[PDB]
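What follows draws every value from the coordinates through simple rules; no lab data is involved. A quick note on method: Cβ atoms are made from the backbone with ideal geometry, for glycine too, and the neighbour counts reach across all protein chains shown.
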Amino acid sequence: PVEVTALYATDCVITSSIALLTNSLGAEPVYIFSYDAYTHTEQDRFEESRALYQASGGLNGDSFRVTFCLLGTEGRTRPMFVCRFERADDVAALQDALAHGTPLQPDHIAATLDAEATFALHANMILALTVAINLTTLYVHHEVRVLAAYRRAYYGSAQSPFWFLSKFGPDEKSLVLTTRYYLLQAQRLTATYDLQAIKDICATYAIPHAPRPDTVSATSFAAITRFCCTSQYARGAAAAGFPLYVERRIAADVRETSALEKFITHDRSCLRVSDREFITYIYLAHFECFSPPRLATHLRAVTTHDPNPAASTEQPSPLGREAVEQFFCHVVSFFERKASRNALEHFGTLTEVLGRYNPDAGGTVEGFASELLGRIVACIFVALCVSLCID
Amino acid sequence: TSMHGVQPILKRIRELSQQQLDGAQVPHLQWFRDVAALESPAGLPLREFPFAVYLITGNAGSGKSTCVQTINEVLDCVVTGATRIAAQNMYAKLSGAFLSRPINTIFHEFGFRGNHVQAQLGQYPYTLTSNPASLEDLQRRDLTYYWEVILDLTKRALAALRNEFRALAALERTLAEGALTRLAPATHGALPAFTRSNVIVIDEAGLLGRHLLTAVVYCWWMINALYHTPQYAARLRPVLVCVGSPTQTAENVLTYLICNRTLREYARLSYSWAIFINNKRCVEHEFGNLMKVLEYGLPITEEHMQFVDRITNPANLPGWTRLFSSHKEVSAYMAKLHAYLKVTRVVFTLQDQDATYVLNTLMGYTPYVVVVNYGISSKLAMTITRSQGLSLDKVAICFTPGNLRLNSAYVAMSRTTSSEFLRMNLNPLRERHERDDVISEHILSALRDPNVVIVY
Ligand SMILES: Cc1cccc(C)c1N(CC(=O)Nc1ccc(-c2ncon2)cc1)C(=O)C1CCS(=O)(=O)CC1
């Protein structure tokens, strides 16, 4: 029984789901935008996930349990209904939907719907709405209230494809991997981070890219399922190794950040120095630990080229070791003659500019002095870059 | 790369929002009763309203908006602002990253309304009899100073059967246990969002009154006690995430939390305070080092001075805003810009400023100025007190002698992104300037505390 958690989409989603579960009318074909796959060491996880998927075909499983979830908090996703596709036609339909992207017709959803858990995860809210009024087939009398209740329960259930494209990045890899991982596997599997963190991690997941046989790009929910499901990133080694790479990158960044922060705090809480030197130390240590060149070096050290963890093209992070040559404060201050030096290589004199102008004795001393231009007066102490005691 | 210094923040807030209080410690409905009908603050009984505080400090553009996004993406909370502009700003910021709910003001929640806006606050005396600072007395005087709105809110809440949670609890007792009341907020939308979560993330919390933290805690416990919400039943305490800049946002929540001696012990700021020292606004050497000095109270040298050595008449300064000191000066500049431009030979004229409109986007009208119809805001000049909390790129500061502060200089000079679009008058630095060393010294001492975490 392979477990397949799927975030579906419709052309309202809540009304379609309620109609589909009740007895049917309002049943719109669902669009499996993101689908999960798991069954009950890191290499073993990679091989299991890769064998569960297939390079040529889809999910390799004779029996499929497919939980359908929407966006909202019960948890980023919340189960909406549960279906078991065990019949051969059901398995074929699921294979053609998860891989090719064909939407599931209402008849397949109704026939494969497992009433037990599907209504066991909703009888609580059915009783809640019954108490509010004082199975869910009795919503004909009170229907808009039920609609509002499921709108509030599943926040983000009804969203536009433009929303998905804007949130989860414009790129193929970013879209598929960030969406699937962040929305489903973060809760399923640690890595409870922000969407920006997942998008940046997927950005440096430089696995070999191959152009699609045809050139298409994502209006309304008619195309994004085919855009995402048939992509080479949602199947095989990429899908098998993306969570592993996210975990490895998170662990590496956390260990380097902690190693830097220990020294940063220790050599900050023990300085018996002036406030100016203290601020200089803080802004020098933050530059020494997070310089754009050093951050780029760390990113190129932690990036991988192959999904398989066995290859492990990632190199050890040199950020801490590079910071060692500067964090030697065992004891013009040492912090100044570093800060200025530091600033020069990353930013930009009176003598040279005066040599360029060859105004002390020249005619230009009065070229801006007597020319008050009508502002104020004290003239040729209300001193005169004029009118001082402007920018 | 501030995505990894935020996970200690997440851990600490989740730990602080999970601890359960004792039954004898949580407030009970009887405390709100007989105080709702009480007339004078003198009859206020000594009662404790437990609460927890997490603080995010820093300067504008320090990444202080991404932490709110993370909190409202992995923790259950209600994002709330001191003003509507701030609420809209974080709504745009966070709804540009993930799902967002309409961020209501601290006025919309908390029960605050239009009639509550106008009140004769502060006309009730209070003498601190005990040891100078104690939680009982401080909360009681915060309620005393803000008594009119608190009294009206309690009367409205208790006067206006509230079985939304109790009916579900009765059914769970008959049957399920502590699982059906969690779906109550999703069934009845009329409920305040303070019922849904004990964490209220506040952005620009330094603009809220010193007295207003206790009022928010009081009315939150009020809604929690009348409605009998599961967080109140399991004895959860408020965990307000106050995000703001004490050195810029100006007798206020941030100052009350940082400077008070006993709130630093009860709330334990040392273990629940993060300092952000990044600044995405200014990215250049000189200006960056001067803002430093202006925020941390560093000694004034002769380089940062002279750095500032490198307006009233609109004759030739098109497309700039002016930050006058007093409101009368702003009204005068409105009387001048809408009079000189009358005969400029993009304006031609026709309530928040003095009046007459300038057509610089205010371009057309028909009345329906392009709308609920003709009241709009003129951003051409605005006062230094209100200058904070906004984002501009055409500032032209107009300091005056005699009342020249450095905190105001400070606020008015960092509103712009680049220093090239900066114009001024007689210099704030040098001359006679008044300094507030308390907040800068407190921030520096916090920076020398190993318990707090700092994130770039
Ligand atoms: C700290 C840092 C880390 C990594 C990379 C860089 C680029 C830097 N920055 C930028 C910086 O400091 N910006 C900033 C500006 C103003 C404020 C502020 N606003 C109000 O009050 N304060 C706060 C932060 C530097 O400047 C370096 C340059 C070399 S250095 O001088 O040795 C160390 C600091």
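Taking amide H positions as placed in the peptide plane 1.01 Å from N, state which residues far from A:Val66 in sequence (5 or more) or on other chains have amide H under 5 Å from it.
A:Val4, A:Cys83, A:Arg84, A:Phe85
Around A:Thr5, under 14 Å between beta carbons, what's the net of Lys plus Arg minus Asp minus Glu among the other residues?
Counting the neighbours of A:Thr5, the net charge comes to +3.
Tally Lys/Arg at +1 and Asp/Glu at -1 over every other residue whose Cβ is under 15 Å from the Cβ of A:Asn134; what's the total?
Around A:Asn134, the charge tally is +1.
Any idea which of B:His304, B:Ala86, A:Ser274 is furthest toward the positive side of the dipole for the protein assembly as shown, if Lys and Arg beta-carbons carry +1 and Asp and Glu beta-carbons -1?
So the residue we want is B:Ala86.
Which percentage, to the nearest 5, of the DSSP beta bridges contained in the protein assembly as shown is antiparallel?
Of those bridges, close to 30 percent are antiparallel.
If you count the DSSP beta bridges with both ends in chain B, what percent of them are antiparallel, to the nearest 5?
Beta bridges within chain B, antiparallel portion: roughly 5 percent.
Each label point is 7 Å from the Cα along the Cα-to-Cβ direction; what then is the distance between the points at B:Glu172 and A:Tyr38, in nm?
Roughly 2.7 nm, to one decimal.
Along the charge dipole of the protein assembly as shown, Cβ charges K/R +1 and D/E -1, which of B:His188, A:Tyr53, A:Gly101 sits furthest on the positive end?
Farthest towards the positive pole: B:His188.
Mind giving me the nanometre distance, one decimal, between the label points for A:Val324 and A:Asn358, set 7 Å out from Cα along Cα→Cβ?
5.7
Which FRET efficiency, nearest 0.05, do B:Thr385 and A:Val273 yield, Cβ-Cβ r, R0 45 Å?
Once the sixth-power term is evaluated, E becomes 0.80.
Across 10 Å bins from 0, what is the distribution of all Cα-Cα pair distances for the protein assembly as shown, in whole percents?
Result, from short to long distances: 2, 10, 17, 20, 20, 16, 9, 3, 1, 0 percent.
At a Förster distance of 30 Å, what's the computed FRET efficiency of B:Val347 paired with B:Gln88, Cβ-Cβ distance as r, to 0.05?
The calculated FRET efficiency here is 0.60.
Mind checking B:90-99 for the average number of partner chain beta-carbons within 10 Å of each residue's beta-carbon?
Mean number of neighbouring Cβ atoms from other chains: 3.
Using the structure shown, list the pairs from A:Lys199/A:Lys338; A:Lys199/B:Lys93; A:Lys167/B:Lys64; B:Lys328/B:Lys379; B:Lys280/B:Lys336; B:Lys93/B:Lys379 with a Cα-Cα distance above 24 Å, or answer none.
Pairs exceeding 24 Å: A:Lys199/A:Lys338; B:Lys280/B:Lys336.
Give the average, rounded to an integer, of partner chain Cβ atoms located within 10 angstrom of each Cβ in B:3-16.
3
For the protein assembly as shown, give the magnitude of the charge dipole about the Cα centre (Cβ charges: +1 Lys/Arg, -1 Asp/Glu; no others), in debye to the nearest 20.
1400
With +1 on the Cβ of every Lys and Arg and -1 on the Cβ of every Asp and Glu, and nothing else charged, how large is the dipole of chain A about its Cα centre, in debye rounded to the nearest 20?
My answer is approximately 420 debye.
Please get the size of the charge dipole for chain B, origin at its Cα centre, with Cβ charges of +1 on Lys and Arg and -1 on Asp and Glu, quoted in debye to the nearest 20.
740
Return the average number of partner chain Cβ atoms within 10 angstrom of each residue Cβ along peptide A:272-283.
4
If you take every DSSP beta bridge whose two residues both sit in the range B:7-276, what share of them, in percent to the nearest 5, is antiparallel?
5
Based on the mean of other beta carbon atoms within 10 Å per residue, what is the order of B:140-153, B:114-127, B:294-307, most packed first?
Highest-to-lowest ranking by the protection proxy: B:140-153, B:294-307, B:114-127.
Please give the FRET efficiency for B:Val358 paired with B:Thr400, using the beta carbon to beta carbon distance and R0 = 22 Å, rounded to the nearest 0.05.
0.40
For the protein assembly as shown, build the charge dipole from Cβ charges (+1 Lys, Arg; -1 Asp, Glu) around the Cα centre, then report which of A:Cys379, A:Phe85, A:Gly355 sits farthest towards its positive end.
Farthest towards the positive pole: A:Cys379.
Starting from the Cα gyration tensor of the range B:285-435, multiply each eigenvalue by 5, take the square root, and state the resulting semi-axes largest first in whole Å.
33, 15, 14
Report Rg (one decimal) and Dmax (nearest whole number) for the range A:294-370, counting Cα atoms only, units Å.
24.6, 78
Say each of A:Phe162 and B:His433 gets a label point 7 Å from the Cα, pointing the same way as Cα to Cβ; how far apart are those two points in nm?
Rounded to a tenth, the inter-label distance reads 4.8 nm.
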